[PDB]
Amino acid sequence: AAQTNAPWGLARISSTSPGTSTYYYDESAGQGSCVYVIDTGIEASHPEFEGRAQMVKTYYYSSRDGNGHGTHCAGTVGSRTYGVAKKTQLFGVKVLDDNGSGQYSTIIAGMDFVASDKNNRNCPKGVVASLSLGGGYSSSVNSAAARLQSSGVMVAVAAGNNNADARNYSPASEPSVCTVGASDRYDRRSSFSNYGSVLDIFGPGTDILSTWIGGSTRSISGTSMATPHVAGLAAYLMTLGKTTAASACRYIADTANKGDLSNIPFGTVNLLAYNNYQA
Ligand SMILES: [Ca+2]
Ligand SMILES: [Ca+2]
């Protein structure tokens, strides 16, 4: 399948080269997979989600996304226009308040929630969790992310936006999950992206158009935007039967575009998420 005039990041994930604008993907499109977006919530009523999104948990007075961040990330995973995996099921877990903040204790509870809640859902092709969040190093946050992964969920986490080594941030620094840096449309490391040996992969993160609250759209930047490209890619590849939740990060690294990015510090992988879709 071909989506013309796609957001640059979608086109990038299905291309060996920068500078194109059509997204190519197998029409299965992540059908039968599930992606949990652990964030500020998801505006499930947005036409872009087509009834495929729902809120399943909140730790606050409402499950509504009063911020937009979670809606944007969910859109990159699975919206019809802005998403990688256009037929996946999206589940919102609101661990971040409407200012975009959340206590680590709440974030940990949300990860444990997903590990259990997947057993309440129909995800025959597998389960992914996208975590566009983090703060300073915490062994307890990392352990929660490790448990979620161990339980059979493909965990994708943002590297962080500090232009620093991700070893000092969580859950970015948990080795067993998929830690995602950000690139731009010219194949440069995004100016803010964290780096380091713990990164597994890069995805598009500068100037990413997606859904927003109030039934709207906007372009924003961050490792938060790169992460859902990888989460959606994992769901897509799992639906195709090419990989599993436990092995998808490694498979994505195996099949990535190699050596295409500039300003990658010595010791950081030069790997850009790629669907290898061949019609
Ligand atoms: Ca290339
Ligand atoms: Ca890893």
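Each value in this text was obtained by applying a stated rule to the coordinates, not by laboratory testing. Heads up, the Cβs are rebuilt from the backbone with ideal geometry, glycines too, and the neighbour counts pull from every protein chain shown.
Data for the structure
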read-out	value
Residue check for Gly19: away from ligand 2 (no atom under 16 Å from the Cβ) and surrounded by fewer than 21 Cβ atoms within 10 Å (Cβ to Cβ)	yes
Among (1) among the polar types (S, T, N, Q); (2) part of a strand (DSSP E or B); (3) farther than 23 Å from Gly41 by Cα, the one test that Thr179 misses	(3)
Segment 174-192 - residue that is within 16 Å of ligand 2 (Cβ to nearest atom) and of a type in the set (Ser, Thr, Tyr) and, of those, nearest to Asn270 (Cα to Cα)	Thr179
Residue in segment 160-176 that is closer than 14 Å to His229 by Cα, touching a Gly at 6+ places or on another chain (Cβ under 6 Å) and more than 16 Å from ligand 1 (Cβ to nearest atom) present	no
Failed condition for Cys249, given (1) within 13 Å of ligand 2 (Cβ to nearest atom); (2) under 26 Å from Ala1 (Cβ atoms); (3) part of a strand (DSSP E or B)	(3)
Which listed residue is under 15 Å from the mean Cα position of the chain (by Cα), within 15 Å of ligand 2 (Cβ to nearest atom), within 21 Å of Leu96 (Cβ to Cβ) and part of a helix (DSSP H, G or I), from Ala145, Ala129, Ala156	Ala145
Inter-residue pairs, beta-carbon under 6 Å, first in contact (Cβ under 8 Å) with a residue 24 or more places away in the chain and under 16 Å from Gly68 (Cβ atoms) and in segment 200-219, second among the acidic types (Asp, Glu) and in a loop (DSSP other than H, G, I, E, B), 6+ apart	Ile213/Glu43; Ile213/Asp65
Residue count, segment 255-279 (criterion: in contact (Cβ under 8 Å) with a residue 12 or more places away in the chain, more than 11 Å from ligand 1 (Cβ to nearest atom), surrounded by fewer than 20 Cβ atoms within 10 Å (Cβ to Cβ) and of a type outside the set (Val, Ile, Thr))	7
Number of the condition not met by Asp200 [criteria: (1) among the acidic types (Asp, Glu); (2) out of contact with any helix residue (DSSP H, G or I) (no Cβ under 9 Å at 6 or more places or on another chain); (3) crowded, with 22+ Cβ neighbours inside 10 Å]	(2)
Those strands (runs of 3 or more DSSP E) lying entirely in segment 182-235 with at least 2 residues closer than 16 Å to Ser130 by Cβ and more than 16 Å from ligand 1 (Cβ to nearest atom)	208-212
Any chance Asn67 is at positive phi and assigned to a loop (DSSP other than H, G, I, E, B)	no
Condition broken by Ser28, with the remaining ones in (1) touching a helix residue (DSSP H, G or I) at 6+ places or on another chain (Cβ under 9 Å); (2) surrounded by fewer than 24 Cβ atoms within 10 Å (Cβ to Cβ); (3) within 18 Å of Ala158 (Cβ to Cβ) satisfied	(3)
Of the criteria (1) in contact with a helix residue (DSSP H, G or I) (Cβ under 9 Å, 6 or more places away or on another chain); (2) more than 15 Å from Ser224 (Cα to Cα); (3) outside any strand (DSSP E or B); (4) without any contact (Cβ under 8 Å) to a residue 60 or more places away in the chain, which one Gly110 fails	(4)
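Residues checked against (1) within 16 Å of ligand 2 (Cβ to nearest atom); (2) polar (S, T, N, Q):
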{"site": "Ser101", "(1), (2)": "no, yes"}
{"site": "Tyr104", "(1), (2)": "no, no"}
{"site": "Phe113", "(1), (2)": "no, no"}
{"site": "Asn120", "(1), (2)": "no, yes"}
{"site": "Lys125", "(1), (2)": "no, no"}
{"site": "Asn168", "(1), (2)": "yes, yes"}
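One line per residue, one yes/no per condition, for (1) crowded, with 18+ Cβ neighbours inside 10 Å; (2) within 20 Å of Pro171 (Cβ to Cβ); (3) without any contact (Cβ under 8 Å) to a residue 24 or more places away in the chain:
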position: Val37; (1), (2), (3): yes, yes, no
position: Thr40; (1), (2), (3): yes, yes, no
position: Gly51; (1), (2), (3): no, no, yes
position: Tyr61; (1), (2), (3): no, no, yes
position: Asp65; (1), (2), (3): yes, no, no
position: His69; (1), (2), (3): yes, yes, no
position: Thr76; (1), (2), (3): yes, yes, no
position: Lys86; (1), (2), (3): yes, no, no
position: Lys94; (1), (2), (3): yes, yes, no
